[PDB]
Amino acid sequence: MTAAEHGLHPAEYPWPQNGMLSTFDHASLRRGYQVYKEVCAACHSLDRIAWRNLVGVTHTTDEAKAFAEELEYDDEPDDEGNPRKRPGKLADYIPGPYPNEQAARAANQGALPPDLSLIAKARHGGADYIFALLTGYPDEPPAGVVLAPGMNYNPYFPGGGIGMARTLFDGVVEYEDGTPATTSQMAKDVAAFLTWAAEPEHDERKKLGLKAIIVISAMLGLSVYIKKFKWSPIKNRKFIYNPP
Amino acid sequence: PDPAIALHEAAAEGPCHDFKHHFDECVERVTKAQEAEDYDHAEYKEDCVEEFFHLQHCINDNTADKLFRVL
Amino acid sequence: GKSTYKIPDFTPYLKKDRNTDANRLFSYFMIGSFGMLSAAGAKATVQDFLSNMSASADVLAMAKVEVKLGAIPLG
Amino acid sequence: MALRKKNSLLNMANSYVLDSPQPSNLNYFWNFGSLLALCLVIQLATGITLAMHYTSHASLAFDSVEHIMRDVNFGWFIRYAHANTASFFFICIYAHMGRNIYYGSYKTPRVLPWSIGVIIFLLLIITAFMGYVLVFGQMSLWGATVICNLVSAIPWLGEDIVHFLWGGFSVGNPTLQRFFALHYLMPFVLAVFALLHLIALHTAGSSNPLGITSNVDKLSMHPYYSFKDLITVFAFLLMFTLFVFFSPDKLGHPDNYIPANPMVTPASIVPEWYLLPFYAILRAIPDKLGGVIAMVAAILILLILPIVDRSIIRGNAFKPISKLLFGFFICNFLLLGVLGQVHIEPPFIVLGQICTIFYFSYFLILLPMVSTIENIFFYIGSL
Amino acid sequence: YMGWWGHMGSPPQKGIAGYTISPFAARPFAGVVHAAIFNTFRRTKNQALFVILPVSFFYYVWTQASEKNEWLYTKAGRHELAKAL
Amino acid sequence: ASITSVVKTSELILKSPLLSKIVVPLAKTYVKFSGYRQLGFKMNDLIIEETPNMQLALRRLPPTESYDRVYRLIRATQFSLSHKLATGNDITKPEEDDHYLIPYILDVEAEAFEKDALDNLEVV
Amino acid sequence: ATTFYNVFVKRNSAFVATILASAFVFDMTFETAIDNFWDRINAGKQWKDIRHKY
Ligand code: HEC
Ligand code: HEM
Ligand code: HEM
Ligand SMILES: CCCCCCCCCCCCO[C@@H]1O[C@H](CO)[C@@H](O[C@H]2O[C@H](CO)[C@@H](O)[C@H](O)[C@H]2O)[C@H](O)[C@H]1O
Ligand SMILES: CCCCCCCCCCCCO[C@@H]1O[C@H](CO)[C@@H](O[C@H]2O[C@H](CO)[C@@H](O)[C@H](O)[C@H]2O)[C@H](O)[C@H]1O
């Protein structure tokens, strides 16, 4: 297959979470949530994430309750069996922009924007692919490329023509921590946030792995000593043969 | 402004200059070929995707670490 | 080569202090450490693994029912 | 008389794990048998636990796996342990089978444990294939579709058999629910056959790296091989830890994190890595039925090693030419694996055919010829 | 072809005296450094060709095949690709 | 393959001058690279024994030959488990690599094959 | 060494009790040690480090 059909392979960026002992940067996760909420969430759902998931990762209990309480969710029917709405709770999932696929495609010239909850695991490249894609729209497609109508050129996307246009531009978001919201900074934060959304156990998993590595290595060393200790009578055995 | 704009420009003029030239030459050829008539009824239409990939791959190798250092 | 009463040479391996309590105690320290890490590793493994059967996060979220009181009239 | 010998139940355990007389010179490649037993124990424990949280209905399957990852305490670990140990199971089984082929473990008097072993290997393949479908991601669905359609090649009744397997006209909910029930069962069948091949082996005992009798010099299984097994258990657990905790998705396909969609076809539909050599063999034959037969024959041909090896000596330790041929056979098997996941393009099409011919000619031509000539060289060379 | 302890199926043994010492009396790691360096080197040197020859051959075959495949799917390889299909 | 087969084919080769000129040097190199002599084995110690015919041949070994074979097997097993090679007098020299077992197995197989033939005789 | 052997090692009941008590101590202390070390190598990155802003 041609390189174009594969898509250009994203660079390996030095993410904070790269590194056997490294967690996510939670300040970046919080900023990335804000990019999700203000830019991506217009077209993309994050359906696997509940408000409670943000608590103690990016937000306090009160902030997350406030986000939930601003929305309306379907309640159980009232006593005459008529539909009712309630305010959101921490157990509720973050609601998506569209009621069904047909509505989603109608708003995006036929293309269906995927749910982003697993996108960092569902694409080769992970955070690097998301970062490369969001920052990799050239001003002009390479001479000779004919884009289908409603397609945008992006070399990281296989085949080159993606139905999503460039969306991150310097200062589309105003970060609440005073960080300069440049295209690169926003792409880095939202890629970090999406990686967390795909693998929220990441920080705990790598710490438990460090404990396991240490214990298992010590046990491996001791098991070698013990095996050698027990085998030495066999290894050291000597014979004298006197032919009968 | 976006730190990447300057880093990418510097890498194209510097360590990735040979690749930049090939991309430039390619675009010149393709544009000129599109200008010529009976291009629409040609068998093979050349693009510059390959050259573009070679250049971008090169820029990324010389920039990725620098860019994340200033974010 | 012929006499079986002449023990083959074991001097490359023999410890001088083979009959001492210190000598045995060292090897039991190694065995004991191994048993200790195996016990601590088993305990960790069992506890973390079996915890899958305790109420999951979504179940724990569906507990603690909150009820308003403004809606409820007197009597 | 000691209780471990006198009581019939204790004596069965005793005969297999304690007083069992072993050769005194087994090398570390005799440790894969206990690693395979460990993988089987891990897969049973993790698999039964996943079954407590998984839902086999197609509307909920993929989401139940996400619930395991996200909500169940340690669910991420149990899921990653189960998925990675499936790969480790195949690494250990290829090592165990490679040991058996190099050291002549298939020769008399061990033809029966070897022949039951070949069935164990077939059951492991089926077990792993059904388990992979249960996620119900894109690779799950499309892998099930293409692999189950190979049955359509069976003449006359093939199409009918496929619809019967699927329980419908395509891979869907009926297929997923039956694969769950069979995936749960098949590991128990596998454990029985594993036990059978050991009982069959117990009549001759383990072979050994020199290929000679060990009846002259036996060691108890315990404590010698118990403590030697602990070393490779902890080495395995270190590898397990590195994948499960630090790189849990290295051995997987990202497309399996997209929910199954019968409309969109993924760019490349490949089996899991451990099935790749058999897929390359199937591609090599242009005919559909031809390809299926070749692929099955590639596993069943292991049953003829007892016949085609004409050597008067067991195993390769002392056979320089056989060792070279074995080296080429193994590397060819790895190349077939690689070719199983490339695109169907030049020049890999022809290369796959040449590697397929080499694979079969090992059994049919080279091993019978080389083993015949080495017999003559040992005789003449030592006169 | 295997009996059990006391009747294992060995031909009659006679004339061999076997000697060994207690695990507590021995140094388990005696001669470890010599073994780790010189013994491993000897054992590895004697088996090296049986690994190197097939691995190097099949790696070269792969390398040539993968480089050709890559070249056929470039612009330069258009014509050769057309013939190859 | 039967020892009978191997011995007969070898004798065809040793008869042909051309064939022996090219095969005998190869066979000697093969034996050197095989390396069984470096564990103190003789070639015949390596022959598979778990067969009725071979068990009968081994029972017919003279007691001395039998006791020496047991020692070579035990000694080689101890070299194998220690990852050492024979040194000095433990290495089998080419002149010691005698076919002590071949005559016994050839007689066992001779009778076994005659019995198979005679089980299929047809009175003419 | 004799004393230590006689008290903690000679009886297997005592040996196993000492091993289990040591495993209990190891488990608690290792937990605390790793927790602190993990917090130091990942300093300023964790929620506990930024929580004070909110
Ligand atoms: C107004 C529309 C719109 C906005 C805003 C938007 N997207 Fe998308 N996105 C799409 C559409 C449509 C697709 C599907 C494109 C296709 O498949 O051709 C898509 C696809 C993607 C993909 C998958 C590309 C692939 O490999 O399949 C990722 C990742 C993505 N978007 C992330 C983002 C992130 C991160 C943001 C913003 C911070 C974002 N999107 C903003 C419409 C949008
Ligand atoms: C030899 C034993 C086994 C092997 C090789 C095996 C293999 C597999 C594989 C490859 C998968 C797909 C894993 C993934 O990528 O997510 C899987 C999934 C699964 N297996 Fe097994 N398995 C075995 C035993 C069992 C047993 C005994 C059960 C008992 C029910 C079981 C239950 C499951 C379940 C519920 C899933 C789906 C959830 C998931 O994907 O994690 N497995 N298995
Ligand atoms: C679940 C999978 C398996 C398990 C748990 C298993 C376990 C074992 C064990 C414990 C032994 C004795 C120790 C050893 O030699 O390693 C052994 C020996 C053997 N196994 Fe397996 N095995 C499995 C699969 C296979 C397969 C697939 C084959 C063959 C294709 C096979 C063929 C043999 C043979 C021939 C022996 C005797 C080898 C010898 O000692 O010379 N086994 N197996
Ligand atoms: C053979 C079985 C014998 C009966 C034994 C019964 C064991 C069943 C008890 C399950 C106990 C789980 O108990 C609970 O475990 C988890 C780890 O799993 C601990 O959790 C602690 O470590 C984990 C990682 O290990 C972190 O995710 C967590 O933030 C931390 O608090 C809790 O502090 C503890 O209260
Ligand atoms: C490896 C998993 C551990 C569990 C063990 C497997 C359970 C099922 C094994 C039972 C199958 C019967 O297995 C059979 O048992 C008897 C006694 O137990 C063994 O008999 C062997 O040991 C006993 C004494 O130990 C002797 O009387 C006998 O001469 C000898 O052959 C057989 O060699 C074995 O083939």
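Going by the header, the method for this PDB entry is cryo-EM, and the resolution given is 2.30 Å.

A short note on the coordination of the iron atom of ligand 1
Residues and elements named next belong to chain A. For the iron atom of ligand 1, the protein coordination sphere consists of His-44 (NE2) and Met-164 (SD), at 2.0 to 2.3 Å. The coordination sphere of the iron atom of ligand 1 comprises six donor atoms, whose angles at the metal cover 85 to 178°; the geometry is octahedral. Of this pair, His-44 sits in the loop between α2 (26-38) and α3 (51-54) while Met-164 sits in the loop between β4 (161-162) and α8 (183-198); the two residues are 120 residues apart in sequence, bridging distant segments of the chain. According to the relative accessible area criterion, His-44 is buried, its value standing at 11%. For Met-164, a relative accessible area of 24% translates into the label partly exposed.

So, helix α1 (residues 32-72) of chain E
At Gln47(E), α1(E) shows its largest bend, some 45°. All of the buried residues along α1(E) are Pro54(E), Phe58(E), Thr63(E), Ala65(E), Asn69(E) and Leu72(E). Against α14 (320-339) and α15 (348-382) of chain D together with α2 (78-84) of chain E lie the buried residues of α1(E).

Topic: the interface of chain D and chain C
Across the boundary between the two partners, chain D contributes 13 residues, which contact 11 residues of chain C. Overall, the association of chain D and chain C removes approximately 970 Å² of surface from exposure, summing both partners, and the carbon and sulfur fraction of that is 67%. Looking only at chain D, the three residues that lose the most surface to chain C are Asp71(D), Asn73(D) and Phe74(D), adding up to 45% of its buried area. Applying the counting rule to chain D against chain C returns zero salt bridges. Elements represented by at least two residues in the side of chain D that touches chain C include exactly α3 (32-51) and α10 (221-246) of chain D. The biggest single contributor to the side of chain D that touches chain C is α3(D), with three residues. Among the residues making up the side of chain D that touches chain C, the classes are represented as seven nonpolar, five polar and one charged.

Section: the site of ligand 4
Within the structure, ligand 4 sits among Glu204(A), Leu208(A), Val46(C), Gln47(C), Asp48(C), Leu50(C), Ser51(C) and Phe74(D). Around ligand 4, the nearby residues trace back to chains A, C and D. In the environment of ligand 4, an oxygen atom lies 3.5 Å from a nitrogen or oxygen atom belonging to the side chain of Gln47(C). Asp48(C) is positioned such that a nitrogen or oxygen atom in its side chain is 3.0 Å from an oxygen atom of ligand 4. Starting from 790 Å² of accessible surface for ligand 4 in isolation, the protein chains cover 35%.

Here we look at the coordination of the iron atom of ligand 2
The expected angle between donors at a tetrahedral four-coordinate metal is 109.5 degrees. At an octahedral six-coordinate metal it is 90 or 180 degrees. All names here are of chain D. Looking at the iron atom of ligand 2, the protein donor atoms are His-82 (NE2) and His-183 (NE2), and they sit 2.0 to 2.1 Å from it. Around the iron atom of ligand 2 sit six donor atoms, and with donor-metal-donor angles ranging over 85 to 178° the site reads as octahedral. One end of the pair, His-82, is in helix α5 (residues 75-102); the other, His-183, is in helix α9 (residues 173-201), and 101 residues separate them in sequence. Looking at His-82, the relative accessible area reads 17%, which means it is buried.

Some remarks on the UniProt feature "binding site: heme c" (unreviewed entry) in chain A
Per the UniProt annotation, the sites labelled "binding site: heme c" (unreviewed entry) are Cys40(A), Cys43(A), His44(A), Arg123(A), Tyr129(A), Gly163(A) and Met164(A). Here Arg123(A) lies in the loop between α6 (119-122) and α7 (127-135). In this view, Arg123(A) contacts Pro114(A), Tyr129(A), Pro254(D) and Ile258(D); residues no more than four positions away in its chain are not counted. One can find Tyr129(A) in helix α7. For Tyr129(A), a relative accessible area of 9% translates into the label buried.

Some points on a nonpolar patch on the surface
There is a patch of nonpolar side chains on the surface, built from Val46(C), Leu50(C), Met53(C), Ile48(D), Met52(D), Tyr184(D) and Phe188(D) and spanning about 670 Å² of accessible area. Residue assignment for the nonpolar patch shows that the elements contributing at least two residues are α1 (21-50) of chain C together with α9 of chain D. Looking at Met52(D), the relative accessible area reads 48%, which means it is partly exposed.

Details of the pattern of salt bridges
Counted by the stated rule, this structure contains 31 salt bridges over all chains. Residues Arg86(A) and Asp92(A) are paired through a salt bridge, measuring 2.8 Å at the closest nitrogen-oxygen approach. For the residue pair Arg86(A) and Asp92(A), the accessibility class agrees, reading buried in each case. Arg4(D) is the partner of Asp19(D) in a salt bridge, and the nearest nitrogen-oxygen pair spans 2.9 Å. Residue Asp19(D) is located in the loop between α2 (8-17) and β1 (21-23), and its partner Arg4(D) is located in helix α1 (residues 3-6); the two are separated by 15 residues in the primary sequence. With a relative accessible area of 11%, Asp19(D) lands in the buried category. Since its relative accessible area comes to 34%, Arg4(D) is described here as partly exposed.

Details of the state of the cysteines
Residue and element names in this part refer to chain B. Counting across every chain of the model gives two disulfides over all chains. In this model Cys-16 forms its disulfide with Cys-58; the gap between the sulfur atoms is 2.1 Å. Taking the torsion about the sulfur-sulfur bond, which here is approximately -90°, the covalent link between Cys-16 and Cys-58 counts as left-handed. Placement of the pair is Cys-16 in the loop between α1 (3-13) and α2 (17-35) and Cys-58 in helix α3 (residues 49-61), with a sequence separation of 42 residues. On the basis of relative accessibility, which here comes to 0%, the residue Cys-16 falls in the buried class. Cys-58 gets classed as buried once you look at its relative accessible area, which sits at 9%. The disulfide partner of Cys-26 is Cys-48, and the gap between their sulfur atoms is 2.1 Å. Disulfide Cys-26-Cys-48: the torsion about the S-S bond is -95°, which places it as left-handed. On the criterion of sequence distance, the pair formed by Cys-26 in helix α2 and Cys-48 in the loop between α2 and α3 is long-range, its members being 22 residues apart.

Here's the deal with the domain arrangement of chain A
All names here are of chain A. Considered domain by domain, chain A is made up of domain 1 (4-200) and domain 2 (201-244). Computed from C-alpha atoms alone, the centre-to-centre distance between domain 1 and domain 2 is 48 Å. In this assembly, 10 residues from domain 1 lie in contact with six residues from domain 2. For the pair domain 1 and domain 2, the summed buried area comes to about 690 Å², and 48% of that belongs to carbon and sulfur atoms. It is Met-20, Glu-199 and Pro-200 in domain 1 that bury the most area against domain 2; as a group they hold 49% of the surface buried on that side.

Looking at the site of ligand 5
Around ligand 5 sit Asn11(D), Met12(D), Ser15(D), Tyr16(D), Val17(D), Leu195(D), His202(D) and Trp4(E), and that is every residue in its neighbourhood. Site remark: ligand 5 is flanked by residues from chains D and E. Interatomic distance of 3.0 Å between a side-chain N/O atom of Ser15(D) and an oxygen atom of ligand 5. In the model, an oxygen atom of ligand 5 is placed 3.0 Å from a nitrogen or oxygen of the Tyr16(D) side chain. For ligand 5, whose accessible area on its own is 780 Å², the fraction buried by protein is 58%. For the shell around ligand 5, the leading source of residues is α2(D), giving five residues. Looking at side-chain class alone, the shell around ligand 5 contains five nonpolar, three polar and no charged residues.

Calculation notes
- Each chain carries its own residue count, running from 1 in the order of its written sequence; this scheme can depart from the entry numbering, and residues that have no coordinates do not appear.
- The order in which chains are written sets their letters, starting at A; the order in which ligands are written sets their numbers, starting at 1.
- All values in this description refer to the chains shown, which are themselves only part of a larger assembly.
- Based on all heavy atoms of the structure, the side-chain values leave hydrogens and waters out of the count.
- Distances define the donors: N, O and S atoms within 2.8 Å of the metal qualify, as do those within 3.2 Å of Na, K or Ca. Water is excluded, so some sites may look unfinished.
- Irregular is the default label, applied whenever a site is not tetrahedral (four donors, all angles between 85 and 135 degrees) and neither square planar nor octahedral (four or six donors, opposite donors over 155 degrees apart, all other angles between 65 and 115).
- The way it works is that DSSP assigns letters per residue, a run of H or I at least four long becomes a helix, a run of E at least two long becomes a strand, and they are numbered from the N terminus.
- Categorising residues by exposure relies on relative accessible area from a 1.4 Å probe, with only protein chains included: less than 20% of the type maximum marks a residue as buried, more than 50% marks it as exposed, and the intermediate range marks it as partly exposed.
- Here the bend at a residue means the angle between the axes of two seven-residue stretches, the one that ends at it and the one that starts at it.
- The contact criterion used throughout is that any non-hydrogen atoms of two residues lie within 4.5 Å.
- Values labelled buried area give the accessible surface lost by two parts on being combined, using a 1.4 Å probe and summing over both.
- In the sections that follow, a salt bridge refers to a side-chain nitrogen of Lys or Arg positioned within 4 Å of a carboxyl oxygen of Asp or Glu.
- Residues are sorted three ways: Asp, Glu, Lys and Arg are charged, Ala, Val, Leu, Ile, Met, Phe, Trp, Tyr, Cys and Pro are nonpolar, and all the rest, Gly among them, are polar.
- Proximity is defined per residue: any heavy atom of the residue falling within 4 Å of a molecule or strand makes that residue near it.
- Distance and chemistry together define a polar contact, namely a pair of N or O atoms within 3.5 Å, with one atom able to donate a hydrogen and the other to accept it when in protein, and with adjacent residues in sequence counting only for side-chain atoms on both sides.
- To measure how exposed things are, a 1.4 Å probe is used in the Shrake-Rupley method; for residues, cover is taken only from the protein chains shown.
- UniProt positions are given in the numbering used here, feature names are shortened, and annotations may be inferred rather than shown by experiment.
- Patch definition: residues with relative accessible area over 30% and no salt bridge; like charges joined within 9 Å; nonpolar side chains (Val, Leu, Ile, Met, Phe, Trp, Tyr) joined within 5 Å.
- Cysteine sulfur atoms are paired as a disulfide whenever they fall within 2.5 Å.
- Reported domain spans reflect what an automatic or database domain assignment gives.

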